[PDB]
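Tertiary structure, described
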Amino acid sequence: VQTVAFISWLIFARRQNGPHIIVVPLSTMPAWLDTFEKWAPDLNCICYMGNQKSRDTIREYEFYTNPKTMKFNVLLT
DNA sequence: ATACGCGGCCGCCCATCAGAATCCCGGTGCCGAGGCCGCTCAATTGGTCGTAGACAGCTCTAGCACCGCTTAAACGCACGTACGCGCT
């Protein structure tokens, strides 16, 4: 909770809306998703799972089909 | 002129003397251990030095084990085609 509150306060306080990578094991990823949405619902929590097609989903959701649209910030790898 | 005799010939069983052939004992040639041997030059003997390599200490790689997330590869089965192989 201190990490989520520190990231939220750092984004909405010091104006640091940039992408922040938070590596979390696969077993704890749904727990950090439920806690993350329960304590900070205003921020998305699109994590990174899968193997092949899910990688294509994360890549098609990452940027737009053009030769730089950041639609995320916090993820779990 | 007319009737009796016989003469060697011959099948016969029956006798004598030599030759052929099997068994009782044989010499001969070939092979392989033996013996002999002898001049002698390679192993053995007695001996020194030194150095490889056994051995104990040590540390410091890498071979093992073990686990779990991820997924490519193996599995087993279903269906048919195009070869193995049999015949002529």
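As a reminder, the structure under discussion sits directly above these lines.
Residues numbered from 1 in each chain as written, not as in the entry; some residues may be left out. Chains lettered and ligands numbered in written order. Part of a larger assembly, values for the part shown. Heavy atoms only, no water.

Describing the side chain of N73
- In this structure, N73 sits in the loop between α3 (53-62) and β2 (74-76).
- Under the relative-accessibility criterion, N73 is labelled buried at 14%.
- If we skip the residues at most four places from it in the chain, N73 touches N17, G18, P19, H20, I21 and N44. (Helix = DSSP H or I, 4+ residues; strand = E, 2+ residues; numbered from the N terminus. Buried < 20%, exposed > 50% of the residue type's maximum accessible area, 1.4 Å probe, protein only. Contact = heavy atoms within 4.5 Å.)

Details of the nonpolar core
- The biggest cluster of nonpolar side chains holds 13 residues, and the ones touching the most others in it are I7, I22, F36, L43, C47, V74 and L76.
- For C47, the contacting residues outside a window of four places in its chain are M29, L33, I58, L75 and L76. (Core = buried A, V, L, I, M, F, W, Y, C linked by side-chain atoms within 4.5 Å.)

Examining the pattern of salt bridges
- As enumerated under the stated definition, the model contains 1 salt bridge in all.
- One salt bridge connects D56 with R59, and the closest N-O pair in it is separated by 2.3 Å. With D56 and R59 both in helix α3 and 3 residues apart, this pair spans about one turn of that helix.
- For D56, a relative accessible area of 35% corresponds to the partly exposed category. (Salt bridge = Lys/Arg side-chain N within 4 Å of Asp/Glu carboxyl O.)

Here we look at empty space enclosed by the protein
- There is about 80 Å³ of room inside the largest cavity.
- Lining the largest cavity are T3, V4, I7, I22, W32, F36, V74 and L76.
- Elements that contribute at least two residues to the lining of the largest cavity include exactly α1 (2-13), α2 (29-39) and β2.
- When the residues that make up the lining of the largest cavity are grouped by side-chain class, the tally is 7 nonpolar, 1 polar and no charged. (1 Å grid on protein atoms, 1.4 Å probe; cavity = no way out; pocket = protein on both sides within 12 Å on 5 of 7 lines; lining within 4 Å. Points joined across faces, edges and corners; volume = space filled by probe spheres on them. Nonpolar A, V, L, I, M, F, W, Y, C, P; charged D, E, K, R; others polar.)

As for the environment of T77
- Within the element layout of this structure, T77 appears in the segment after β2.
- Beyond its immediate chain neighbours, meaning those up to four positions away, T77 contacts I22, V23, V24, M29 and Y48.

Focus: the environment of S27
- Mapped onto the secondary structure, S27 falls in the loop between β1 (20-22) and α2.
- Distance in space between the C-alpha atoms of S27 and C45 is 16 Å, their sequence separation being 18 residues.

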